[PDB]
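Peer 1: Starting from these lines, generate the structure:
(one chain, ligands or ions: 4)
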Amino acid sequence: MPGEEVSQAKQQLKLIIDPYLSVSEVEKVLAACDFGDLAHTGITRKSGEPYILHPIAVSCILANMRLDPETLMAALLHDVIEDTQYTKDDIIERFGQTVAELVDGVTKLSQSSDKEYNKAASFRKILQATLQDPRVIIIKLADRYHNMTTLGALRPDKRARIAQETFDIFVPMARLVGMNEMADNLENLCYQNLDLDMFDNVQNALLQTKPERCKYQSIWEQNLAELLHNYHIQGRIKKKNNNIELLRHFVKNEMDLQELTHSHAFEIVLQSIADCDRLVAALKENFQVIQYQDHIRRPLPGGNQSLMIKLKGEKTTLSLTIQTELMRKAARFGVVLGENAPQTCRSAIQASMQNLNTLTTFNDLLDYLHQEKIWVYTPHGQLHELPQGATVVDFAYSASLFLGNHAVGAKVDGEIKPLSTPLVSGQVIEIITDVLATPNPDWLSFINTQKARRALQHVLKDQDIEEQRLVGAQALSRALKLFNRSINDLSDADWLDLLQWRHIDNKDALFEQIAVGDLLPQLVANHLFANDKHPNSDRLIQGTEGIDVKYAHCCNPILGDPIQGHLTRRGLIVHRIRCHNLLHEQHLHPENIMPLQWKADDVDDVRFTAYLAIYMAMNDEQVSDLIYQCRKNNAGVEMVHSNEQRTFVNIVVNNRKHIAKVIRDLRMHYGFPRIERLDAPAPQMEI
Ligand SMILES: Nc1nc2c(ncn2[C@@H]2O[C@H](COP(=O)(O)OP(=O)(O)O)[C@@H](OP(=O)(O)OP(=O)(O)O)[C@H]2O)c(=O)[nH]1
Ligand SMILES: [Cl-]
Ligand SMILES: [Mn+2]
Ligand SMILES: [Zn+2]
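Peer 2: Residues are numbered from 1 along each chain as shown. Ligands and ions are numbered 1, 2, ... in the order given. Find the structure here:
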């Protein structure tokens, strides 16, 4: 009976994977089910059934979406790392590096009930994890979905905070990745736990009026078929489910059983844009227009085109989405559950992230997305998002100037740890202060945040020029200790490289740049000891380990572009090698310019935005075809606009090689028009 429940659930998963997975792939997925069963032996859920029944049910949801074996294995083991004695290394052993990273990723999106729930921070963290590997968010959405269905076993106190997090981030996130059925199901379960009484009243009315609503939807499908025929418009009509739109409305509105019965939604697929406008004109003649949105002339972020018109005919209300056969096909590039692999959807997910905006917050996210932060907490549960490699001092300054300036030590998870201790995500940090304490300048050696570095440089701003050179040497000697080296280990050849590399003449002047200038002692150490035993390699730019970097908005450098960094009081700013802002500051201060190289010419987990100016006028059908051609080439369409002389397109590409392929494919498709790549978006569109 207890083991027999697990076996009949495992057998139900086998039926789903047997048709589409290979014999060896099915054995690997079923082996993960046996290992998950072993890790959770004896553990039972709040309802009483064995724990493994949950990841099995989650893996069944994913197997029904025909997802890859790694996704299914990671879902079956996503709770064995934290809830069990088993570790990430155990998973790397039995199932490989890919499933371990997926399990790790899903685990990172978990919200502790005793820690702060910050909507904006969680949105950023989830968006970052999604763009790093979209499979992680699909597993997490399936996990959250299964939890929402069994929320009855949890206390009504708990039921609210989870339904709120699901509603605030998971529902928008599932729509973003094209999992609209999942998003609707999640939103339904959110209403069930956020307003049970109003939910039960609306659901019962929906259920009682369901057969009558079917009858009238069939009537209106025929009336719409007749209308298209009368106006000589060729098109297809699809009946759409409108249960979530009706529930969403009547949960906040007074009940009108006639409005609930006679409200229908349809999708109309036409042959051309001229027919779309012709149908809109025809509909206006026969109905009263409630709402109209033109997403053909103004396409949605991501590139989605459609005409959304809400009509009223007496008791009847119709919600119609009208689009061409090409628009419907373009929309199926970027959906994580479509023909394309979820990972190829990265560009589409990132281009359409402008659809989530709650404030211009999802406007300048590039630095955050490419550089995973650490999530450490105050003993009160307060979140602090810090760069990778941040020490206790960085946390102290992040909390406040008082705590940073007067810090003497810290208690990490109850254990006393010194001020240079690098932090790890999930740690609770208690800064120990002394009102008589003064910040020590030697902290610069391990400091990686700008709030901490600037606050320490204010103490050296009133110090002796000789003492500054000493502090700079003290900070460089400690930065070298990370690689088992020191200043006495530096040969004359090592010093000669540093002085030439920093456009400087003496050793004391290099120390002045570390102590008072904007040269971080970590960048000096990473240049002398390159790619050898540096203590999650998130780094896209070589030698920037332990420090956070920023992309300049003047030139917007993309992976693969020749780049050069600029050392400022805000950190290191990455610019394209021929940016006019960069060359201006290189002429004035060549010592503040550091040459930079991208670690790998083609990293697949990152996406950037390229700005294009196509020297040709494009009509409605040509713009629609341009969006299609971009999306078909795994490049998301962030924005398109066409005047009578040019057509601008902001496109989300992987690297400089990808944008070269897109430009080359667009040129031969359009009869070789001139296409120029801009440094920043044109003022005609935004800017
Ligand atoms: N809905 C439901 N949940 C159950 C049941 N039995 C155990 N749980 C677990 O309760 C957890 C709820 O998370 P918290 O809000 O942190 O509650 P907690 O502090 O008591 O763990 C879930 O962890 P999780 O999967 O990691 O989700 P989460 O921690 O990301 O919310 C879920 O696995 C049950 O019968 N129904
Ligand atoms: Cl020009
Ligand atoms: Mn779980
Ligand atoms: Zn620049």
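Peer 1: from here on, contacts and neighbour counts on C-alpha atoms
Peer 2: Will do.
Peer 1: The stretch 201-350 of the chain: strands as residue ranges?
Peer 2: Under the criterion DSSP state E, counting those that start in this stretch, the stretch 201-350 of the chain carries strands at the ranges 235-240, 263-270, 288-294, 307-313, 316-324.
Peer 1: number of nearby residues for the closest residue in space to residue 259 that isn't next to it in sequence?
Peer 2: The shortest distance from residue 259 to any non-neighbouring residue, by CA to CA, 6 or more residues apart in numbering, is to residue 315 (6.4 Å). Number of residues near residue 315 (other CA atoms under 10 Å) recorded here: 11.
Peer 1: do the one 10 residues further on as well
Peer 2: Under the neighbour criterion other CA under 10 Å, residue 325 is assigned a count of 16.
Peer 1: in this structure, which residue is closest to the centre?
Peer 2: The centre of the chain sits closest to residue 127, judged by CA atoms, centre = their mean, with a distance of 1.9 Å.
Peer 1: Determine the set of other helices and strands touching the helix or strand where that one lies.
Peer 2: Residue 127 is part of helix 119-132 when elements are defined by DSSP states H and E. Applying 3 or more CA pairs under 8 Å, 6 or more residues apart in numbering; DSSP states H and E, one finds that helix 119-132 makes contact with helix 134-149, helix 346-351, helix 366-370.
Peer 1: which residues are contacting the shortest one?
Peer 2: What it means is helix 366-370. 124, 127-128, 131, 538-540, 549-551, 606, 608 (CA atoms under 8 Å, 6 or more residues apart in numbering).
Peer 1: Give me the buried entries from those residues.
Peer 2: Buried members of these, scored by 16 or more other CA atoms under 10 Å, are 124, 127-128, 131, 539-540, 549-551, 606, 608.
Peer 1: With distance to ligand 4 added, can I get those in JSON lines?
Peer 2: Formatted as JSON lines, the buried ones among the contacts of helix 366-370 follow (distance: CA to the ion, whole Å):
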{"residue": "124", "distance to ligand 4": "25"}
{"residue": "127", "distance to ligand 4": "26"}
{"residue": "128", "distance to ligand 4": "24"}
{"residue": "131", "distance to ligand 4": "25"}
{"residue": "539", "distance to ligand 4": "20"}
{"residue": "540", "distance to ligand 4": "18"}
{"residue": "549", "distance to ligand 4": "14"}
{"residue": "550", "distance to ligand 4": "11"}
{"residue": "551", "distance to ligand 4": "8"}
{"residue": "606", "distance to ligand 4": "20"}
{"residue": "608", "distance to ligand 4": "15"}
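Peer 1: follow-up on the earlier one: and the residue nearest to residue 259, what is it in contact with?
Peer 2: Taking CA under 8 Å, 6+ apart, one finds 258-259, 262 in contact with residue 315.
Peer 1: How about residue 73?
Peer 2: Per CA under 8 Å, 6+ apart, neighbours of residue 73: 28-29, 32-33, 59, 99.
Peer 1: which of those are buried?
Peer 2: Buried among those by 16+ other CA under 10 Å: 28-29, 32-33, 59, 99.
Peer 1: Kindly indicate which of the contacts of residue 315 lies nearest residue 495.
Peer 2: Of all the contacts of residue 315, the one sitting nearest residue 495 is residue 259; the distance, using CA to CA, is 80.2 Å.
Peer 1: Around the closest one, how many other residues sit close by?
Peer 2: For residue 259, the count of nearby residues is 14 (other CA under 10 Å).
Peer 1: what does residue 132 give?
Peer 2: By the criterion of other CA under 10 Å, residue 132 has 21 neighbours.
Peer 1: And the nearest residue to it once chain neighbours are set aside, how close does it get to ligand 4?
Peer 2: For residue 132, ignoring the flanking residues on the chain, the nearest one in space by CA to CA, 6+ apart is residue 605 at 4.9 Å. For residue 605, the distance to ligand 4 equals 24 Å [CA to the ion, to the nearest Å].
Peer 1: Quick one: distance of the host helix or strand of residue 10 to the chain centre.
Peer 2: Counting by DSSP H and E, the element that carries residue 10 is helix 2-20. With CA atoms, centre = their mean, to the nearest Å as the basis, helix 2-20 stands 33 Å off its chain's centre.
Peer 1: Kindly report the same for stretch 424-434.
Peer 2: 27 Å.
Peer 1: what about that stretch, start to end distance?
Peer 2: 25 Å (CA to CA, to the nearest Å).
Peer 1: again, but for stretch 349-367
Peer 2: Note: stretch 349-367 ends 17 Å apart using CA to CA.
Peer 1: With stretch 641-657 instead?
Peer 2: 24 Å.
Peer 1: Any buried residues in it, and which?
Peer 2: Using 16+ other CA under 10 Å as the test for burial, stretch 641-657 gives 641-642, 647-656.
Peer 1: Make JSON lines out of those and add distance to ligand 4 and secondary structure.
Peer 2: Listed next are these as JSON lines, based on distance: CA to the ion, whole Å; DSSP: H, G, I helix; E, B strand; the rest coil:
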{"residue": "641", "distance to ligand 4": "25", "secondary structure": "strand"}
{"residue": "642", "distance to ligand 4": "26", "secondary structure": "strand"}
{"residue": "647", "distance to ligand 4": "24", "secondary structure": "strand"}
{"residue": "648", "distance to ligand 4": "21", "secondary structure": "strand"}
{"residue": "649", "distance to ligand 4": "20", "secondary structure": "strand"}
{"residue": "650", "distance to ligand 4": "18", "secondary structure": "strand"}
{"residue": "651", "distance to ligand 4": "19", "secondary structure": "strand"}
{"residue": "652", "distance to ligand 4": "19", "secondary structure": "strand"}
{"residue": "653", "distance to ligand 4": "19", "secondary structure": "strand"}
{"residue": "654", "distance to ligand 4": "20", "secondary structure": "coil"}
{"residue": "655", "distance to ligand 4": "17", "secondary structure": "coil"}
{"residue": "656", "distance to ligand 4": "16", "secondary structure": "helix"}
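Peer 1: Let me see the contact set for residue 9.
Peer 2: 53, 56-57.
Peer 1: From these, which land in helices?
Peer 2: Counted as lying in helices by DSSP state H, out of the contacts of residue 9, are 53, 56-57.
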